Ligand SMILES: Nc1nc2c(c(=O)[nH]1)N[C@H]1C(S)=C(S)[C@@H](COP(=O)(O)O)O[C@H]1N2
Ligand SMILES: Nc1nc2c(c(=O)[nH]1)N[C@H]1C(S)=C(S)[C@@H](COP(=O)(O)O)O[C@H]1N2
Ligand code: MOM
Ligand code: MOM
């Protein structure tokens with residue numbers, strides 16, 4: 001009777017926004033504690049019940065107008081294409097939706113600051129699979145690559161998303177058919193046995209439980225948005241301390257994350273303790289990625305003296321390697337879907353006497 | 001842990017398309033057996049958990065630019081406005097979606113032919129409530145009336161829908177704030193204590209568990225579609241016999257329903273037994289409504305001789321009082337959302353030897 005009966009167990013203490021389907025984020029106090037988010041804490045966004053996949057009979061279908069159909073086993077995907085490792089942060093379009101909900105009610109799961117997580121993904125390059133199928137580096141005209149999941153709507157339509165053909169074929173874009181996550185088998189909640197990972201691009205495009213790759217001209221495989229969000233803008237949030245905390249006087253360590261879409265590196269994080277009147281530069285920690293390939297977040301921290309009996313409004317904002325900035329307030333960027341919530345994050349705390 | 005824990009019990013033997021949220025239709029064999037669908041069989045379409053409403057503290061808010069705020073109790077809605085009774089058929093936008101799914105996979109609950117049901121609704125006229133609030137018969141410019149339900153998205157947004165101001169204020173449009181269904185209290189699944197009923201218009205606009213009525217100019221209250229389907233076209237379906245049935249030779253009684261949007265009366269139902277090559281006119285049964293106020297379906301039947309050992313393809317189509325017709329096939333009207341499935345219904349049966 002329960003369509004979600006076969007869903008996997010999860011780590012206790014996740015912040016669960018929806019049980020069926022399962023949508024949850026790590027608690028903020030753990031989010032910035034490790035550069036790579038442990039698989040058990042990695043935020044989970046499921047539209048549907050989690051597919052149960054027998055690994056030996058699993059086949060990935062690859063097709064398209066000038067290709068020729070492949071039916072690839074998991075063994076074949078592991079052995080016939082060189083394995084690549086890409087460290088990439090996935091962020092939901094609705095990350096920080098609850099801050100937008102606070103201004104005016106929205107539609108969608110009220111994610112806090114934790115609909116974002118980072119892993120080292122291992123797999124075959126989509127580029128290598130598509131070239132093997134007979135697709136060329138370049139096609140005359142505008143084309144896309146569509147991905148279908150094994151999870152399907154009751155009406156029949158599988159979860160699907162697409163990316164431009166140029167991104168799918170680019171050596172530098174690092175698009176993976178990932179079968180490995182942080183050194184181990186892809187967990188069920190994260191797309192076992194195979195997912196697409198599209199670095200620098202909204203999480204929605206990294207299709208889990210992959211069943212079909214299809215090449216198609218721009219104008220069947222359907223992207224669920226039926227323009228559509230691809231790259232995301234600059235994002236940052238304070239994960240320590242937490243809203244409403246009472247902190248002891250003396251030194252305070254403020255920590256958080258920052259990230260930008262499209263492989264743009266975070267080059268600076270500014271932190272304020274007085275609601276954005278004065279700023280100090282945070283120390284950044286990251287993987288120092290190649291130019292235009294900064295797929296992973298920067299974790300940041302700043303240790304600052306705080307005075308007994310005062311009130312703090314901690315604010316952070318980031319700048320990327322193309323010198324993009326964040327908007328300063330939520331109200332002007334508000335939208336009914338509560339997506340693209342990237343205004344300066346503000347956290348109010350009191351300093352104890 | 002379960003957001004649907006407080007949902008009401010339902011009649012067993014409904015065709016359940018979704019348990020949580022609850023979406024179900026009566027079985028086809030019972031659908032056309034009564035002109036008024038029993039409350040327990042009336043199709044149910046819920047987006048969310050069913051609100052639990054204590055009736056004495058319930059208040060309906062009525063507001064808008066040139067109105068002045070009302071807070072109406074259930075007692076007040078029953079006593080201060082003349083009660084009207086309107087027999088109206090509600091039909092889901094996705095009625096007969098499964099036939100569209102068969103052509104090509106769609107998104108949405110795969111309703112069969114039963115996402116349609118008819119009741120005699122009792123309540124206050126929306127027109128009378130709005131006039132009482134100080135709204136005039138006519139407003140200069142384009143305006144709408146928005147309805148919000150007590151059921152809200154996790155992001156905060158209540159279920160909502162709107163109708164043009166002209167329809168809300170028209171004496172002939174029969175828009176009701178209904179507190180009565182087929183002579184009894186509105187059941188929980190059908191909007192207890194108060195729902196809007198918008199006759200002649202897609203079911204989505206008849207907002208259940210009503211909390212707010214708001215008048216607003218065309219360009220806050222949000223219609224969930226964020227043009228939007230209002231009136232529906234001609235519809236018909238065969239409910240007896242059922243697909244795949246083996247019927248005895250001799251006489252066969254074919255039965256079904258027909259309906260058209262906007263208060264347009266069904267004036268004819270044609271029935272074929274040979275896939276649409278030859279047709280006979282069915283006998284119609286209905287409430288013989290006033291011109292332009294045919295809110296309720298027509299039930300139809302035809303008794304025809306059938307020959308032992310033959311194969312039948314039973315088809316029906318209807319014509320309304322404005323001489324609108326149904327399209328003949330699903331493929332040309334197919335759409336990803338699987339709505340407006342109104343092609344000629346075809347049912348294959350075998351005649352026994
Ligand atoms: N097949 C499938 N792929 C999917 C989804 C889904 O529901 N089904 N959710 C998408 C969305 S909206 C997001 S944000 C990411 C989340 O990936 P994660 O659950 O591994 O964090 O998966 C994407 N890929
Ligand atoms: N508040 C509220 N009203 C609502 C809905 C809902 O989910 N919430 N569903 C709508 C839709 S899409 C339909 S088809 C009808 C169905 O009404 P019924 O469940 O009484 O048949 O209710 C409409 N009114
Ligand atoms: O819905 Mo996804 O981009 O979290
Ligand atoms: O979704 Mo409604 O018009 O059944």
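Computed from the coordinates by the stated procedures, all read-outs in this text should not be read as laboratory data. Methodologically, a virtual Cβ is constructed for each residue, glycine included, from the backbone with ideal geometry; neighbour enumeration extends over all protein chains shown.
So, in nm, how far is label residue B:279 from label residue A:352 when the simple model puts each one 7 Å beyond its Cα toward the Cβ? For the pair residue B:279/residue A:352, the computed spacing is 8.4 nm. Cβ crowding within 10 Å ranks B:322, B:98 as B:322, B:98, fewest other Cβ atoms first. Distances, shortest first, from the label point of residue A:16 to those at the same position in the other copies read 2.0 nm; the point lies 7 Å along Cα to C-beta. In nanometres and ascending order, the distances from the residue B:279 label point to those of the other copies are 7.2 (point 7 Å from Cα along Cα→Cβ). The modelled label-to-label distance between residue B:142 and residue A:61, using points 7 Å beyond Cα along the C-beta direction, is 4.3 nm. Panel order for B:190, B:132, A:345, B:11, by other beta carbons found within 10 Å of each beta carbon, from fewest to most: B:11, B:132, A:345, B:190.
Annotation for residue B:244, label-to-label distances across the other copies: 5.5 nm (shortest first, one decimal, point 7 Å from Cα along Cα→Cβ). Of all chain B residues, the one whose Cβ lies closest to the rotation axis that maps B onto A, given with that distance rounded to whole Å, is B:20, 3. Counting every pair of alpha carbons in segment A:228-353, the share spaced more than 19 Å apart comes to 49 percent. The C-alpha atoms of segment A:1-227 occupy a region whose extents along the principal axes are 49, 41, 36 Å, arranged from largest to smallest.
Inter-label distance, residue A:253 to residue B:337: 5.2 nm, where each label sits 7 Å from its Cα along the C-beta direction. Here the translational diffusion coefficient of segment B:47-103 follows from Stokes-Einstein with Rh set to the Kirkwood radius across Cα pairs; for 25 °C and 0.890 mPa s it amounts to 156 µm²/s.
Note on A:277, B:127: ascending count of other Cβ atoms within 10 Å places them as A:277, B:127, the fewest first.
Volume per residue of the convex hull around the Cα atoms, evaluated for segment A:108-254, comes out as 174 Å³. Over the protein assembly as shown, dividing the summed -39,500 (n - 2.57) contributions of all DSSP H runs of at least 4 residues by the number of residues returns a 222 nm mean residue ellipticity of -2000 deg cm²/dmol.
Taken over the protein assembly as shown, the convex hull of the Cα atoms encloses 197 Å³ per residue.
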